[PDB]
Every structure is written in C-alpha cells, then in structure tokens.
Amino acid sequence: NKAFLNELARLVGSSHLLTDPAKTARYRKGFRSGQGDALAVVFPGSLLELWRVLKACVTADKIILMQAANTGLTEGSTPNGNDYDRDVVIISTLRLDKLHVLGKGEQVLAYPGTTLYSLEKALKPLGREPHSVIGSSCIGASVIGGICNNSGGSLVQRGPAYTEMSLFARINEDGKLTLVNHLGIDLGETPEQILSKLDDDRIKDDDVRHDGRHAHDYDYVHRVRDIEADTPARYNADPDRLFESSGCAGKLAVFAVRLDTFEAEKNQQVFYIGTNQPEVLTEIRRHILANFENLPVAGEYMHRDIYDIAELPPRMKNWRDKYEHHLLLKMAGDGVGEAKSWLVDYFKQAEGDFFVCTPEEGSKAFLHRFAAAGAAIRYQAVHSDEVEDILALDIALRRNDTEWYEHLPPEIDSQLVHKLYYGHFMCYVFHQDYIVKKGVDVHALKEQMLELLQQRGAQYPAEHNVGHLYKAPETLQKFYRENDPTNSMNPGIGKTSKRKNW
Ligand SMILES: Cc1cc2nc3c(=O)[nH]c(=O)nc-3n(C[C@H](O)[C@H](O)[C@H](O)COP(=O)(O)OP(=O)(O)OC[C@H]3O[C@@H](n4cnc5c(N)ncnc54)[C@H](O)[C@@H]3O)c2cc1C
C-alpha cells in the first residue's frame with residue numbers, strides 16, 4: 001500500500017493526492033447523507049492522468065469511486081459505510097474542467113469536471129442553451145455527473161440527461177481496464193493519442209463523424225405530452241435511457257460526452273400561479289400538455305410548508321398567504337401570450353389566481369424553489385434532538401395520474417411533523433421530504449410509503465438516482481453488471497452486492 005500511494009503521487013503530484021482522514025472527510029460525506037472510509041482521494045489534472053490513475057487502481061485491485069462535486073442526494077457519490085472487501089479510492093474529476101464547442105455550438109464535448117454553470121456561460125454568446133437545468137447547477141453540479149445519474153432538471157422539453165456518444169473506460173469481465181471511444185470522433189488508436197488529442201484541444205470539426213446516434217433524449221417532447229399513458233414520463237430505472245455512460249452511476253469511468261445544445265429561448269416570462277385546490281393545477285398541466293402549441297420551458301411546483309421553511313418579494317408573500325399550492329410556470333417565445341391568455345380565462349372560473357412576474361420576482365421565485373432541498377436539511381439540524389432524521393423520497397407518477405397530491409393513510413399521515421412537497425410538475429416528478437415525529441421507526445415508515453407508491457403505479461427514484469437509499473430494479477441491476485462485471489466501480493449502489501464479481 002505504501003507503493004500504490006507513491007505511484008499516485010507520482011502520477012498527479014503530491015499536492016493532488018489526499019489520504020489523511022481529516023482531509024478526505026470533505027469528499028467522503030454525502031450532500032444530504034451517506035458516509036464512509038476511503039484510502040485516498042486523487043485529483044487528476046488531465047484525461048491522460050485520469051487514465052493512468054485508473055490503471056494504477058486496477059492493478060492494485062482497489063475499488064474506484066468516481067466523484068464530481070458530490071451533490072448526489074441519495075448517497076451514491078460517496079463511500080457507503082466501511083464494509084467494502086477492498087480499499088476505496090475516490091477519484092475527484094473536478095480539475096478536468098475544459099469544454100470543447102463543436103461547430104457553431106450545436107454540440108459540445110464536456111469533460112469530467114465541466115460544470116453546467118460553465119456550459120451555460122460558454123453557450124450564451126453562441127445563442128444556445130444547455131440540455132439541462134437542475135437545482136444544483138448554482139452549486140456546481142457537473143455535466144457528466146448528470147449524464148451518469150440520468151438527471152432531470154426543470155427543462156420540460158429536454159428529457160433526462162442522455163447521450164449515446166461518449167468516451168469511457170470499462171473494467172471488463174477479465175478485470176482488464178479498457179478505453180472505449182464511442183464519441184463518433186476520430187481521436188487515435190492508443191490512450192496516449194486519444195487523451196492527448198483531447199487534453200491539447202487538437203480536435204477540430206474535421207475529426208467529427210455524423211451518424212444518427214442521439215446526443216440527447218429524442219422525443220421526450222412526445223412522451224411528456226402523452227397524459228393518457230399509465231407509466232411515468234421518466235425515472236431512473238427506465239431502460240430506454242440506460243445506455244453506456246448514460247445512467248452508468250459511476251460503473252464506468254466517463255472521460256467525455258458529446259451532447260446536443262439547443263437554440264436559446266426567445267423572451268421568457270414566469271407566471272406565478274397559486275391555488276388551494278390540487279385539481280386546478282392538475283388541469284393546468286393536462287390542458288397545456290394536450291392543447292398548448294408551445295410547451296413551457298419550466299413548470300415547478302412548491303407547496304406552502306416547504307415554501308415557509310425554504311424561506312420575500314411581496315407578491316409572493318401574498319400568494320403564500322392566499323394559496324397552499326404554487327406553480328411557477330415559465331414560458332418563452334409565443335408560449336408567453338398563449339399562457340397569459342389561457343390563464344386569464346381559466347382563472348375567471350378556477351379557484352386561485354396568478355400574476356406575471358417582474359424579472360426580479362421570476363428569478364427570486366426560481367431561486368426560492370431551488371433550495372427547497374437544502375431547506376428540509378437545515379430545518380432538521382435546527383430541531384435535531386426533537387425530530388427523527390429526514391425521510392426524503394423522489395418519485396415519478398404515472399402520466400395519467402389524476403391525483404398527484406398525496407392523501408396518505410391517516411395512521412401514516414399522523415407520524416409526520418412536516419410534509420415538504422416540491423417538484424417538476426409538468427413531468428409529474430415530485431420530491432417529498434418528511435420531518436418525522438421523534439420515536440417513529442423511519443425505516444418502517446419508508447417501507448409503508450414505498451408500498452403505497454407501488455400501489456399508485458409510481459416509480460421511485462425519479463431523477464436522483466438509487467444511490468444506497470433505493471433497491472435497484474432488475475433493469476438497473478443488469479445494466480450495472482454489464483458495465484462493471486467485476487463490481488469494482490461504486491459497488492453496492494441500489495442495495496446490491498458490494499463484493500468483487502457482481
Ligand atoms: C440543492 C440540490 C438540488 C438538486 N436539484 C436536482 C434536480 O433538479 N434534478 C436532478 O436530477 N438532480 C438534482 N440534484 C442532484 C444532482 O442532480 C446530482 O447531485 C448531480 O447531477 C450530480 O452531479 P455531480 O457533479 O454532483 O455529481 P456527483 O454527485 O459527484 O455524482 C456523480 C454520480 O455520477 C458518478 N460519476 C461522476 N462523475 C463521473 C465520471 N466522470 N465517470 C463515471 N461516473 C461518474 C458518481 O460516481 C455518482 O454515481 C440536486 C442536488 C442538490 C444538492
């Protein structure tokens with residue numbers, strides 16, 4: 001072991017290797033939960049260094065945990081406990097932060113540390129927008145980390161993060177580390193050639209091939225509008241979005257992804273909708289999905305309790321006081337006039353009301369909605385020895401569900417101090433965080449709640465992935481194994497075996 005570590009320090013430099021528990025704690029603890037021991041955290045500075053570190057880990061038979069930023073919410077980006085059969089090496093990819101724009105910006109090559117934030121910035125002067133907008137973009141979520149988790153932001157027209165074109169390393173059945181270039185870009189024959197070409201930014205449009213594979217989720221547009229389908233719009237175990245790097249959850253080492261970007265959206269307007277009747281929001285969604293020509297850009301839901309705890313903008317304060325259910329509907333281009341006209345008519349009849357945001361209201365509303373997650377976490381710490389731990393569920397309802405707002409069995413409802421509800425309303429993806437009464441068996445509660453969701457036909461992790469909080473369905477387990485036959489990369493994800501060879 002003294003030798004393996006010296007090799008790492010030789011490959012990335014001693015200032016880019018951490019072994020002291022007190023120093024690695026920063027990378028061993030999950031954003032909301034999850035924690036474990038790790039032998040080392042290494043920070044390669046080039047893709048070629050990443051390759052050599054992976055090779056050194058495979059030859060020392062270590063477990064590899066790829067990490068970018070670590071905003072994963074279900075403990076799947078940090079070690080889970082200490083019972084691994086081999087030492088764990090966390091490879092932080094955050095220094096690999098270059099970005100390569102292809103052509104006029106219609107596609108990009110993102111590297112392991114490229115942040116969504118930097119992607120947004122580089123595309124803006126090109127008149128393009130990224131494929132994803134998630135609550136964690138403001139705190140540095142990475143592009144590749146979202147592809148690995150099939151992340152789903154607030155962007156209603158884009159689907160969960162997805163691409164069939166990527167460059168990644170895979171430990172095969174024989175335990176051999178292999179580099180697989182499925183980027184559809186000619187980069188060379190050896191790892192040195194391929195990775196240097198990319199590290200030196202010597203890729204030009206001439207190296208690029210155009211072949212029909214998809215660099216985003218095609219037709220989510222269609223799937224999201226099908227309000228008569230009896231399955232959800234998107235969920236982590238959805239087999240059609242599990243492709244190589246897409247949904248890999250750390251089971252491969254993703255070096256690069258080729259992704260589609262989109263034309264920037266014209267003139268956006270946020271419509272702040274509030275109501276006390278769940279059915280009024282249900283019909284806004286159903287009518288827009290079935291009848292609008294223009295899909296919204298975003299449609300974020302916030303219940304009042306989560307509103308208060310997340311908590312200023314006076315009109316929002318007014319809406320909070322008047323309405324329990326809020327829908328932040330962002331339209332763009334023509335959808336603005338379409339939404340404004342239909343809402344004016346709809347609310348002359350339907351119970352609540354709405355207003356057209358001022359740039360300041362609109363940004364503060366979204367900033368408030370995001371942060372919902374951090375909220376519950378902080379309410380917990382405040383009331384630590386008085387409430388159990390936070391029970392957080394991530395769910396995707398059947399597209400034709402007529403009752404999205406849950407009415408739990410009275411005996412389950414009574415065990416909750418608070419019920420925090422927020423989500424991506426148009427996609428029927430909801431995050432439900434509960435503050436549970438002191439003395440309640442949280443594990444038993446969760447099990448009861450998961451049974452009710454199965455009964456409702458919902459799927460669960462929707463966007464956050466299974467991590468170590470959810471059991472991976474058969475589709476996922478089979479995918480994880482195909483990618484990592486030796487089970488040497490982020491091992492027990494989805495409550496699966498943590499041991500070598502599974
Ligand atoms: C406040 C807040 C709001 C959020 N809002 C949303 C939201 O709206 N929608 C949503 O879907 N999620 C949301 N999330 C979760 C977030 O999307 C994920 O935490 C984020 O996408 C993960 O990106 P990351 O850079 O943090 O990756 P990390 O957490 O580091 O996690 C990466 C996951 O991918 C693996 N991985 C990372 N890099 C690589 C690589 N190069 N090769 C192979 N495997 C790799 C890791 O092992 C792990 O399984 C939120 C989290 C927070 C804290």
Side-chain angles (χ1 to χ4, degrees), residues 27 29-34 44 47 50 54 63-80 88 90-97 110-117 119 132-155 158-161 166-170 234-236 244-257 298 300 310 366-367 369-378 392 394 396 422-424 427 429-431 433 461-468 480 483-484 489-494:
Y27 312 91
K29 164 194 195 159
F31 195 88
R32 180 164 60 202
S33 63
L47 292 181
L50 172 55
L54 290 163
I63 282 169
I64 297 163
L65 178 30
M66 296 299 302
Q67 185 189 84
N70 194 199
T71 61
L73 283 175
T74 56
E75 318 184 339
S77 314
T78 46
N80 159 243
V88 173
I90 294 177
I91 295 174
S92 180
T93 59
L94 299 171
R95 301 180 57 212
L96 306 176
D97 74 348
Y111 293 124
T114 311
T115 61
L116 282 167
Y117 182 97
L119 179 59
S132 167
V133 163
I134 55 171
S136 50
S137 292
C138 75
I139 50 161
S142 71
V143 174
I144 284 179
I147 284 301
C148 291
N149 269 170
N150 289 307
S151 71
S154 54
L155 256 38
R158 309 317 166 199
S166 69
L167 168 67
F168 60 91
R170 168 166 180 274
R234 57 192 168 78
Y235 55 102
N236 288 282
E244 263 169 353
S245 291
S246 298
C248 77
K251 268 68 164 66
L252 296 175
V254 185
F255 281 67
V257 295
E300 299 290 318
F366 271 85
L367 282 177
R369 156 65 182 82
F370 298 156
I377 290 165
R378 274 166 263 182
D394 180 41
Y422 50 106
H424 316 296
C427 304
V429 170
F430 294 96
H431 305 309
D433 300 341
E463 69 187 6
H464 300 159
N465 198 335
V466 296
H468 299 280
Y480 290 160
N483 285 335
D484 179 28
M489 286 189 83
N490 205 14
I493 287 285

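Ligands are counted one by one from 1 in listed order, and the atoms in each one are counted from 1 as well. In this chain, numbering begins with 1 at the start of the sequence shown.
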Residue portion contacting ligand 1 (non-hydrogen atoms closer than 4.0 Å) for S151: both

Side chain, backbone, both or neither: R32 near ligand 1, heavy atoms under 4.0 Å: neither

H424: numbered ligand 1 atoms lying under 4.0 Å from its heavy atoms: 8 (O)

Identity and distance of the protein heavy atom lying nearest atom 12 (N) of ligand 1: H464 CD2, 3.5 Å

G152 N/O under 3.5 Å from ligand 1 N/O: yes

Close side-chain approach of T74 and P461, heavy atoms under 4.5 Å: no

From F31 atom CZ to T78 atom OG1, the distance as rounded to the nearest 0.5 Å: 12.0 Å

Nearest heavy-atom neighbours spanning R95 and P44: CB-O, 3.5 Å

Within reach of ligand 1, part of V254 (heavy-atom separation under 4.0 Å): both

Numbered atoms and elements of ligand 1 in range of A249, under 4.0 angstrom, heavy atoms: 49 (O)

Where ligand 1 meets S77 - atom numbers and elements under 4.0 angstrom, heavy-atom basis: 28 (P), 29 (O), 30 (O), 31 (O), 32 (C), 33 (C), 48 (C)

Shortest protein contact, atom 47 (O) of ligand 1 (heavy atom only): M66 O, 2.6 Å

Contacting atoms of ligand 1, where contact means under 4.0 angstrom from a heavy atom of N490: 47 (O), 49 (O)

N/O separation below 3.5 Å, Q67 to ligand 1: no

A68 N/O to ligand 1 N/O under 3.5 Å: yes

Exercise: identify the closest heavy-atom pair between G247 and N150: CA-ND2, 3.1 Å

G76 N/O under 3.5 Å from ligand 1 N/O: yes

Sub-3.5 Å N/O-N/O distance, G72 and ligand 1: yes

Side chain to side chain contact (heavy atoms under 4.5 Å, CB included) between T115 and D97, worked out: CA-CA 7 Å; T115 61; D97 74 348; over 6 Å; no

Heavy atom of the protein closest to atom 35 (C) of ligand 1 (residue, atom name, distance): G250 N, 3.7 Å

Sub-3.5 Å N/O-N/O distance, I144 and ligand 1: no

Qualifying residue for side-chain contact (heavy atoms from CB on, under 4.5 Å) with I493, from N465, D484, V466: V466

Atoms in ligand 1 flagged as close to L252, the criterion being non-hydrogen separation under 4.0 Å: 42 (N), 43 (C), 44 (N)

Shortest heavy-atom approach to atom 10 (C) of ligand 1 - which of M489, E463, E300: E463

Interatomic distance, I64 atom CD1 to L252 atom CG [nearest 0.5 angstrom]: 11.0 Å

From CE (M66) to CD1 (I144), nearest 0.5 Å: 9.0 Å

Pair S77, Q67: side-chain N/O donor-acceptor within cut-off below 3.5 Å: no

From CA spacing to verdict: side chain to side chain contact (heavy atoms under 4.5 Å, CB included), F168, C248: CA-CA 11 Å; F168 60 91; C248 77; over 6 Å; no

Under 3.5 Å: N/O of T71 near N/O of ligand 1: yes

Distance filter under 4.0 Å to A69 heavy atoms, resulting ligand 1 atoms: 25 (O), 26 (O)

Heavy atom of the protein closest to atom 34 (O) of ligand 1 (residue, atom name, distance): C148 CB, 3.2 Å

Shortest non-hydrogen separation from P79 to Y27 and the atoms involved: CD-O, 4.4 Å

Contact partition for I493 relative to ligand 1, non-hydrogen atoms under 4.0 Å: neither

Identity and separation of the nearest protein heavy atom to atom 21 (O) of ligand 1: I134 CD1, 3.5 Å

Contacting atoms of ligand 1, where contact means under 4.0 angstrom from a heavy atom of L65: 47 (O)

Polar atom proximity, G135 to ligand 1 (N or O, under 3.5 Å): yes

Over all atoms of both residues, closest heavy-atom pair of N236 and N149: OD1-O, 2.9 Å

Winner among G30, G145, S136 once heavy atoms are compared against atom 3 (C) of ligand 1: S136

Point-to-point distance, once rounded to the nearest 0.5 Å, from CG of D394 to CG of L73: 8.5 Å

Side-chain heavy atoms of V254 within contact of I147, under 4.5 Å: no

From NE2 (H424) to CZ (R369), nearest 0.5 Å: 5.0 Å

Interatomic spacing from OG in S166 to CZ in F255 - rounded to 0.5 Å: 11.0 Å

Sub-4.0 Å atoms of ligand 1 with respect to non-hydrogen atoms of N70: 26 (O), 28 (P), 29 (O), 30 (O)

